[PDB]
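In structure tokens, the next block holds one chain alone, the form deposited in one PDB entry.
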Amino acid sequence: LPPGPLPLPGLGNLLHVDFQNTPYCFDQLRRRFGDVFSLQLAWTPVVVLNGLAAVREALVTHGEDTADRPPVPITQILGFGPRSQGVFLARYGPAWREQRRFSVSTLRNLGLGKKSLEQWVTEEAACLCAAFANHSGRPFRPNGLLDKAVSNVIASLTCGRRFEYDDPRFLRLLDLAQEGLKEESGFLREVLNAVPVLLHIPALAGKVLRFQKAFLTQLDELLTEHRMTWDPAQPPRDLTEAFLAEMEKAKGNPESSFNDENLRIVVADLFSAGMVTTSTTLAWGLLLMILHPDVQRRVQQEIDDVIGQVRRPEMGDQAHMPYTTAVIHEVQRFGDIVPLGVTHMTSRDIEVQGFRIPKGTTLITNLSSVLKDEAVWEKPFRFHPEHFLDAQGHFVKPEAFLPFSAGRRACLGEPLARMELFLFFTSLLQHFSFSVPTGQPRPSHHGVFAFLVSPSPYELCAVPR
């Protein structure tokens, strides 16, 4: 029994909400109805969850009943079916359990811990440092490079190799990724996911997700290319391989989720994901570093103390670096990359902050409202690294810190992300000092929304130390 806008007939609230700037409308509504309001976009019932309490209660307290995902019809066009749901949007069930366990364990096994992947990231972090350096003096937009660098890490783990920063196929992938991402929000997608005006209306059904489809077919190419060379006798060296060997081990039953339709989706899930997240965060990192050179200096120091200005950073350093760690965690809290997170759905009736949400209710965990809950952080809306430091000056991670959400569905890439961030971030400041272009206006801290929110375009100066 949560309050609500009470939408007009037919389209419901489909119109009362601005889908090109959702974060905004949801706050304007949490202002009228507050924390736990509800809207009915078309036939679909919804319940937006604001503030730490309402989020932790649904995702953790009643986690066993909110681990499902609401069905997303318009994904038929990408080849999603019961026989293949990948992970990201797979419904709570065994096909999802299987792929979730495969993902977490396989990545871990591919060296996601110490010595291996950790140095695969420093190898790649080098190639990035150089590309940066190769732009001596002249200011520029780092977004693109970071994106390539980070994507090369997820490529290593999934496709078995890295790509040259000049490779056209690589850059096409990156572009399609950023464009398919944008198609994850927007009025169009919403309306087709409500009114079946998409069945036999190619004009509509075609244009939507035109990039997501274009992105997936670029991968199928990479996969078939990749699968052609797969030699069973060699233990798997990348996710694709590990998956194919499972498709073999599970030749037995047609019930297994290890099959050709799933392979592209699971691989696409992880590839795309590790390709447009950390990267965006690293853009927020660098921006906030030129917008706050004072904090950049402090971190740049801690690096020289423990790590030194000559040897590459190692995960084992984070332990001895409380400031670099708090800055990074703050970059994430303030960066607030996935505002409304990822839609969940109730498996049975639940109660949150008093109201009672019925089964089949789409849940929208507004992680921004947690990442910046007024009743939690000292200075919520300002960049305050001391948010992760106690009196003695030792790093401390607060509960409200949920950039990866929580529950059975919590981001399964957190491990990779933590490592990527710390290694690329420090390796960058270790060998660099960034600042705003000498004669340019101070860059905006406002972010652009497209499901994921990145730092409004900006340039910076990269000079060596």
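Residue positions are given as counts along the sequence shown, with the first one as 1. In this text, rigid core is short for the largest set of C-alphas that superpose within 1.5 Å between two forms.
*Asks:* I'd like to know whether residue 9, which is modelled here, goes unmodelled in a third or more of the other compared entries that cover its flanking residues.
*Replies:* yes, residue 9 frequently unmodelled elsewhere, at least a third of entries.
*Asks:* Does at least a third of the other compared PDB entries (those resolving both flanking residues) leave residue 451 without coordinates?
*Replies:* No, modelled in all of them.
*Asks:* Which is higher on mean Cα B factor in this entry, 231 to 239 or 71 to 79?
*Replies:* Comparing 71 to 79 with 231 to 239, the higher mean C-alpha B-factor belongs to 71 to 79.
*Asks:* Determine, for stretches 130 to 138 and 269 to 277, which one has the higher mean CA B-factor as deposited.
*Replies:* Between 269 to 277 and 130 to 138, it is 130 to 138 that shows the higher mean C-alpha B-factor.
*Asks:* At the C-alpha atoms, which of 28, 405, 66, 427 reaches the highest B-factor in this entry?
*Replies:* The listed residue with the largest C-alpha B-factor is 28.
*Asks:* In this PDB entry, which of 86, 335, 339, 354 has the top CA B-factor?
*Replies:* Answer for 86, 335, 339, 354: 354, with the highest C-alpha B-factor.
*Asks:* Just say lowest, middle or highest third for the CA B-factor of residue 377 relative to the other modelled residues in its chain.
*Replies:* Residue 377: CA B-factor falls in the highest third of its chain.
*Asks:* Based on the deposited C-alpha B factors for this chain, I'd like to know if residue 32 is in the lowest, middle or highest third.
*Replies:* It falls in the top third of the chain.
*Asks:* Lowest, middle or highest third of the chain for the C-alpha temperature factor of residue 248?
*Replies:* It belongs to the lowest third of the chain when residues are ordered by C-alpha B-factor.
*Asks:* Could you place residue 45 in the lowest, middle or highest third of its chain by Cα temperature factor, using the values in the record?
*Replies:* Within its chain, residue 45 is a middle-third residue by C-alpha B-factor, going by the deposited values.
*Asks:* By its CA B factor, does residue 53 count among the lowest, middle or highest third of the modelled residues in the chain?
*Replies:* Middle third, going by the recorded CA B-factors of the chain.
The next section is about a form of this same protein that is not shown, the form deposited in another entry.
*Asks:* With the core superposed, find the residue in 306, 204, 291, 342 that moves its CA 2 Å or more between this form and the one not shown.
*Replies:* Once the cores are aligned, the residue moving by 2 Å or more is 204.
*Asks:* Aligned on the rigid core, do the two forms place the Cα of residue 33 2 Å or more apart, comparing between this form and the one not shown?
*Replies:* Yes, because once the rigid core is superposed, the C-alpha of residue 33 moves 2 Å or more between this form and the one not shown.
*Asks:* Superposed on the rigid core, does the Cα of residue 116 end up 2 angstroms or more away between this form and the one not shown?
*Replies:* After core superposition, the C-alpha of residue 116 moves 2 Å or more between this form and the one not shown.
*Asks:* After superposing the rigid core, is the C-alpha displacement of residue 171 2 Å or more between this form and the one not shown?
*Replies:* The answer is no, as the C-alpha of residue 171 shifts between this form and the one not shown by less than 2 Å after core alignment.
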